[PDB]
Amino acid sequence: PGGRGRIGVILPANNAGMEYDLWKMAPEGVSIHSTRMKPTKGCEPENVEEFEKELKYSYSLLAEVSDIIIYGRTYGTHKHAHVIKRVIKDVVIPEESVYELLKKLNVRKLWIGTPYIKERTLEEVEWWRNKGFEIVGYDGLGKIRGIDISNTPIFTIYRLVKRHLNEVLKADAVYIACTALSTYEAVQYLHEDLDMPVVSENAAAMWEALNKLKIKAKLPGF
């Protein structure tokens, strides 16, 4: 029973990494409660009313046990963030959390690691690039299926970044995209070794949620 706080999380059916990260980061007295959503074809809502209806439903399943809710998907966050914010009051959108965290950390140069194939990696890059960050470098694991992404080993994530040391060192911080990756440990190793903030999407999400709820906690990587 989360007497200190209860965090609800809506995530994709095949995401097997976020729940683990969230619990590992949850301070004493805090509990995580999740519900899943149908896996989707694209990365954005085809039918907005359809999306909003399903979103409201999942939200209704978490509304009473949650003190705050995290939208743990990337789907619909780029072009329909307003729909999500509309349905879920005070919702935490990991991608936006990353932005605030990086800003609060005075980050201008960024190195981006992802689990995606080149194409998506680049889009991810341009997204952040189009938000004012200078992207000194990037790379991806070249995966497609979420379950496969979730299965990524700690050090595979670690070497994904370390392999580009020379350029990684030119950044003010590193960002590891996708909530399907369990970055709880990887991010700590990277942070210690690179001596710079290493921000994962899951850690950023917890950072924002814990701040809004006002619960002291030492997140990993920064």
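Quick note: we count residues from 1 along the sequence shown, nothing fancier.
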Of 68-76 vs 109-117, the stretch with the larger average CA B-factor in the entry is 68-76
Entry B factor averaged over C-alpha atoms, 50-58 against 30-38: higher for 50-58
Scanning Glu44, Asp172, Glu185, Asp193 for peak Cα temperature factor in the entry gives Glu44
By the entry's values, the third containing the CA B factor of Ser150 is the middle
